[PDB]
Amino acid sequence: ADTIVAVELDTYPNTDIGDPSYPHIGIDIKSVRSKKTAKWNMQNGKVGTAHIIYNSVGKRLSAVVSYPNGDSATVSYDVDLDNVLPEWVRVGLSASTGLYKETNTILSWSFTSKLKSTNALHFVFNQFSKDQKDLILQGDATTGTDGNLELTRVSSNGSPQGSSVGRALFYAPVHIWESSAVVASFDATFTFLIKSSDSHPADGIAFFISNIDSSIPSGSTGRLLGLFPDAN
């Protein structure tokens, strides 16, 4: 079982498994049931931006998701990730569809991690490439040539597939914490466009950090968001 820490943009309420009963953003620490959630008005067909911010000092993992009309959800959760993550992780984006579906389109992704006492990794993808050799693609995720990362299967005619799951992880392992670093901080930002014409968009996109070998857990579509093998 991979270790996962994730911010999820959860477009579909599986109130079954402790989602709230609206779309939400949530902070997931080793479980798809978020330790914390905030109501989130997904704007179908609109390009949102999620920011994810943590530092080892404040020990508060925060996320905001907003859209251009300014509507914003925020969630923060106090957690010492040193006690959750392995020292080295990969960072990634993950998305799933289920019985309902949506595009899970990432227009851009950036990430920074810093260990200060400085080691640092920053990458930014404002355009994705067809053969993006720094991105590890999993499940239905593809990139290129519209400059996008399609986390889940879209069809030839621009149509969000159901029953879909994919992720992209930055190629280089990140050293997310180092026990002598006085500050270990990361931030990530991604811009996304979730569009659906279905009866309910589902299921969402997550930014995640995981052990360096993480892969899509089996049957992790719809509600499990490609991050966890199950709903515990």
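A residue's number is simply how far along the shown sequence it sits, counting from 1.
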Problem set entry | Size class of the missing deposited segment between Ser117 and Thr118 | 4 to 9
Problem set entry | Residue stretch of maximal mean CA temperature factor, 74-82 vs 95-103 | 95-103
For this session: Between 59-67 and 190-198, point out the one with the higher average CA B-factor as the PDB entry records it.
Result: 190-198
Problem set entry | Highest recorded Cα temperature factor - choice among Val124, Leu149, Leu121, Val154 | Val154
Exercise. Ranked by Cα temperature factor within the chain, is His175 in the lowest third, the middle third or the highest third?
Worked result: lowest
Exercise. With respect to C-alpha B-factor, does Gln161 fall in the lowest, middle or highest third of the chain as deposited?
Worked result: highest
For this session: Name the third of the chain's ranked CA B-factors that contains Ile4, choosing lowest, middle or highest.
Result: middle
Seminar exercise, completed: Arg33: C-alpha B-factor third of its chain, per the entry, is the middle
Seminar exercise, completed: Chain-relative C-alpha B factor for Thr142 (record values, thirds): the middle
